[PDB]
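Below is one structure, written out as structure tokens; comments come after it.
Residue numbers (the UniProt record's numbering), protein chains in the order written: chain H, 703 to 947; chain D, 453 to 652; chain G, 403 to 431, 438 to 443, 446 to 552; chain P, 453 to 802; chain F, 853 to 947; chain U, 753 to 802; chain B, 903 to 947; chain R, 6 to 136, 166 to 187, 194 to 251, 259 to 270, 279 to 402; chain S, 103 to 136; chain E, 303 to 352.
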């Protein structure tokens, strides 16, 4: 099938919970009391933290802000739909889909009944049983699904989530998360040049019943300089920093 | 005929909607939600087409009354690769580009993607240009079901590979002049990879 | 031609949801008749149903209407016992010439993205699906 | 089996088409064309859902053979708000944003729209920021049927409201410097409302055809021009107060949202200064004494674009919107022809 | 061949837009502050205005919505810490 | 062998048409910018089939 | 770490306390202003 | 640092400055017919000073209301918007975060058609009983019918067996001698199958009312005496939450042969939600409920509104001028009101 | 590049059937049995 | 399948048929995978014979 690592058919971005970045075993980046939850990057919150969410989904204000700035520099002077030429195929916004729905509250709906497919009946007598086969059964009042509307609607519970396919989560190494040049302000800080640092990252993801991979792109400069001094002579100089080969 | 005529009723719209759900979502449901058919031989290999094609799925799983009035993606399908589907226009088109048949003699043009040479302006001289091509069907080919093409009989054979190059019919004096300039280090060409990253 | 999504079967049923009922009598338990009424209608087994392939049909109708009928005259034939004009440049002619649906049926070049070799040299603009012409026609009225 | 098989016939395409007409047009027909069902209890309140849902309508009104071969909007539907419909994508999406259920706990972010403060760059200091929020369901909520949500049981309760503010982590020296500069009057900020207009509403009694308006002598310096439409009193809540007891409608509100749909009902406009002077006068228009929006058969010759619009009017609208008119007529450049623009929304029919 | 004697009907729709009559000598847009709006005849004196609209009849109460295009502006002054002074000006039609 | 684009068109011809219409050809082949690829243009109307 | 315990016929829990420094520094620069600095090491939060 | 950076062009001069002048000239002259631009990199370096703080500082602040007033038809919220020293705030970046509860009421119906028995003919009835006649179906083929009901292996569990969903697999005549069905008692109002719903009363889908299961079998035969069919009669909590009667044959209460002819029809779709851009939520252009923005130190209100102004509309028009109103943006409920062109104008 | 490719037996560039698409899914062909 | 019993029977008259799942197969977008890249063992080569 499709090979996301090579083609960009990314589809599992909604499974990230949070990210904690730490330099030299003690220093929290970006620290400085910048984010609502300063010690880490919270991608999404579950009910308990509603207030810190935004856009009518489970995404946090913090994260929405970072993604908007990182992708379009939008954030400090209001939020709005980015200009189309900046919002491409693999961009953040264009791929952002917040969703909501309601379901019966199994713990508050007095008459709740846990009925599985084996026992659900709707269209009985007009549809095949547990298969795409010939009709069988007999007409009969449906016993599912539960009515979420009307004068008889059942006690419900709300669910919010989001999809964010074919894009990459981004955390720029920029003082204000904005794009002010390929060669960032932080990337040029004496503190990052005059010395070496160790880095620790901690990702929190939703559990999956199958082996997966956390794919990390360390943004750097991957360059070549081509020299052609004489006929039939090609000399190259490769330089990759950071992360020199 | 005394009275009204003989008539049979059918819900056109409901039907259509159903067919859409079953075809596009139901069948793509995870295997775990499926079950094996009775009295029907089925492969042991789950990465097989036979398998994916025989496993049966209950329409009641994604019926017309599913999450009625909502704009919701099934929680079951969220982690299912959305690209592996018959409704993938890109893949569909590439498939048709080859034809509607199993057996295909092909003729294609492949681009150089490597960043250091893809846009390079090559000066006069003779160069050795060599490259390796994969033969692995699971790699060179793509399917909508994502089955195992090795086990599934897909095959590929390379008969011939040529190298094409087009040249601007530049004036000789000019070309010569441009050459001289490009030969100085101060005028050395330079490129960077678009992705610009170390991948882990 | 990517075919049709006809995995599920399509049925039509009786207005009353059942039609082949059989007269029965209520009984009491070794059994004794009950006298409920002497005649109750009960359908034993599944209901009466008729099948139809919705998707295949639609697809077909599209092919016949849009391609078949535009096929070249040479592929057509005159109807029996039906007066038809002698002038081929005539509407009567174009309207009466009959064409076999089997020429452009739903199984035509299955799985391919191909224009019919017969239609390649046929003016594509002379068609009821020409939005521009359609609009100009409506601009004047019906 | 001897002979052909048993078969039943059905016109798939005709059926589909029909279903579309009945569902989308028929049911939206005006109440006057409808009738009450027999042996079925129905509400007395026409602004009610029960009512709108039970009134029956004959499919023969908008059947598959309706205005065959034409591109025509029903004369019955022209004056019916097109936005109050289940096919309104915007409203549909907003509805789904909340979920598919009756009961919804909500969390939203509301923007400041007032022109004088919306883009203002606030200097250091402490400020009192206070605002009022409506609770009226007919106002805060919107329905596709436009029924009376007050009578119809809709409810809304505010649990908490917070104020959020994001700050550019500007360098202190810089910020301080910028402050100093912005503190001088020469560097005073300034804004104007986008609409830039004084809004007036004048009543048009049912069946009225003449609408005279008078403006007592006043100053006109800097006057930019006129813009106008026509709204239904029923769809225009009263804003001269915190609450409108007589507002029993929950559909689109053209006055506030821009869902204008009654522009085709204008016949003409006559403008006069000082009881004697005709503007623009000067013998400019084909019918110099007034602005003729449209003519009926008798004046065909003065019409244009294959509809009942006049040449005069078409010219004015084209110039006013795009400056197109003195050097030929042509389709305006897309970036100038927006959503609420003239051309993009112009639909001539026959 | 059997079509009945007919009659033609023409009309038009023009949804979600506002009818416009600019106070410009040539109806064109040559600047926010129009040529007429700056005419001495409109500055050196006051004038009364009469408008007469003719509309199609509707069996229900309606409203004629008129927008008088003007300048609706504000000037913001922030002389000191925690001090916001504003100057509103709406012309014509001053409030 | 002298064909291109997965159809029966020749490399030569494809090259000429691309240059003539958009000046594309000596520095690689790619989809022309939309504003240059109009209604009656080459590319926009090119449909290879198999 | 590997713990060996006596078997119990019921679900239990092994409770481990990782001894560290759990501290706070309180700053009160101005009227109605409380700023805090939390530091937990090891095992920083 | 430095050295490699300039050499590799990660930093330093632009091609125009680093390349030789002859080449630059040549490049500029050949541009339209042969380009050299993409073979020389041009560095982009972010500024390193006087832009951002090094100091501790939150990007986002949240303010709690100082005073709140929940009234009959309105809500008033007062905050102390504080702009600290060495800071500037762009009002465009502010917004009111609101949490509450909303009941769309009973008239909300986010869809067309039914959620119940959509495939059933609109006039077809549910297997019923009336005054006592029976009209039903027995799709389940059992082994034998005793006084204990229908054998299925091992008699059936009346609470849920047989299941209406189950019938015979074949398409031809097999000849069922021991049939079982499900039926509604004359005590359960008659309603067309289409749109019919009844809450399950047991984990197995049974919808029989609980008193305490009250299911009661009824045996039947044709014309030595042996029931060919058995039905499991029951009373259910029948409802029709999303459909109505399209055809009432009689304004006469009680189940009757007559009601067998009633027709059901789906209820009209009815979407309910907040408005585009949250129109109506906040008060604007209302002298009585005027907003407030004032320096605690000035106490003078910077906000001055008129009943004559139209803020909501102005914003609608402003949006259209600066972007594509066709795009949706959940944050502000930014989803413009539209209609189907094919509905407004019939083609 | 020029070569040959066999998509194998699992390749099916379409939905539905190419044979007797209008026939009911359970209807049988005229047959004979013992 | 009404019976796992071979041979034609009245029983088989009840068997049901269903179309096979659609399965598109083709080369990838931009011929991904065809050429080796970022692989030390199968590294491309561009060198002056000189």
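Note that the Cβ used here is the ideal one computed from N, Cα and C, for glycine as well.
Range covered by the alpha helix (DSSP H) that runs through residue i
{"i": "residue 947(F)", "result": "Neither: residue 947(F) is in no alpha helix (DSSP H) and is coded neither H nor E."}
{"i": "residue 917(F)", "result": "Where residue 917(F) is concerned, there is no enclosing alpha helix (DSSP H), although the beta strand (DSSP E) it sits in stretches over 914–921."}
{"i": "residue 709(H)", "result": "706–709"}
Given residue i as reference, the closest of the options once Cα atoms are compared
{"i": "residue 25(R)", "options": "612(D), 640(D), 645(D)", "result": "640(D)"}
{"i": "residue 746(P)", "options": "489(P), 788(P), 715(P), 794(P)", "result": "715(P)"}
{"i": "residue 443(G)", "options": "451(G), 428(G), 453(G), 452(G)", "result": "428(G)"}
{"i": "residue 532(D)", "options": "884(H), 735(H), 711(H)", "result": "711(H)"}
{"i": "residue 949(F)", "options": "759(P), 754(P), 782(P), 720(P)", "result": "The shown model of chain F, from 853 to 947, leaves out residue 949(F), and the question about it has no answer."}
{"i": "residue 409(G)", "options": "617(D), 454(D), 476(D)", "result": "476(D)"}
{"i": "residue 388(R)", "options": "738(H), 736(H), 782(H)", "result": "782(H)"}
{"i": "residue 517(P)", "options": "560(P), 538(P), 466(P), 504(P)", "result": "466(P)"}
{"i": "residue 12(R)", "options": "376(R), 329(R), 370(R), 48(R)", "result": "48(R)"}
Range of the contiguous beta strand (DSSP E) that encloses residue i
{"i": "residue 257(R)", "result": "In the structure shown, chain R runs from 251 directly to 259, leaving residue 257(R) without coordinates."}
{"i": "residue 313(E)", "result": "No beta strand (DSSP E) holds residue 313(E); DSSP gives it neither H nor E."}
{"i": "residue 148(R)", "result": "In the model shown, chain R runs from 136 to 166 with nothing in between, leaving residue 148(R) without coordinates."}
{"i": "residue 558(P)", "result": "555–563"}
{"i": "residue 910(H)", "result": "No beta strand (DSSP E) holds residue 910(H); DSSP gives it neither H nor E."}
Contact with chain S by residue i, beta-carbon distance below 8 Å
{"i": "residue 613(D)", "result": "yes"}
{"i": "residue 518(D)", "result": "no"}
{"i": "residue 330(E)", "result": "no"}
Chain E within 8 Å of residue i, Cβ atoms only
{"i": "residue 174(R)", "result": "no"}
{"i": "residue 836(H)", "result": "yes"}
Min CB distance residue i to chain G below 8 Å
{"i": "residue 321(E)", "result": "yes"}
Burial state of residue i (16 or more Cβ within 10 Å)
{"i": "residue 654(D)", "result": "Past the edges of chain D, shown from 453 to 652, lies residue 654(D), and the structure says nothing about it."}
{"i": "residue 692(P)", "result": "exposed"}
{"i": "residue 853(F)", "result": "exposed"}
{"i": "residue 235(R)", "result": "buried"}
Beta carbon proximity, residue i to chain H, threshold 8 Å
{"i": "residue 568(D)", "result": "yes"}
{"i": "residue 632(D)", "result": "no"}
Residue-level contact to chain P via CB, residue i, 8 Å cutoff
{"i": "residue 890(H)", "result": "no"}
Chain D within 8 Å of residue i, Cβ atoms only
{"i": "residue 907(H)", "result": "no"}
{"i": "residue 34(R)", "result": "no"}
{"i": "residue 350(E)", "result": "yes"}
Residue-level contact to chain F via CB, residue i, 8 Å cutoff
{"i": "residue 702(P)", "result": "no"}
Any chain R beta carbon closer than 8 Å to residue i
{"i": "residue 860(H)", "result": "no"}
Is it the case that the region 540–550 of chain G contacts the region 487–506 of chain G, given that we only count it when at least three CB pairs across the two stretches are under 8 Å? no
So does the region 872–887 of chain H actually touch the region 754–772 of chain H, counting three or more Cβ pairs closer than 8 Å? yes
Would you call the region 333–345 of chain R and the region 553–567 of chain P touching, i.e. three or more CB-CB distances under 8 Å? yes
Interfacial residues, the region 406–420 of chain G to chain C, with Cβ spacing under 9 Å: The chain labelled as chain C is not found among the protein chains of the depicted structure, namely H, D, G, P, F, U, B, R, S and E.
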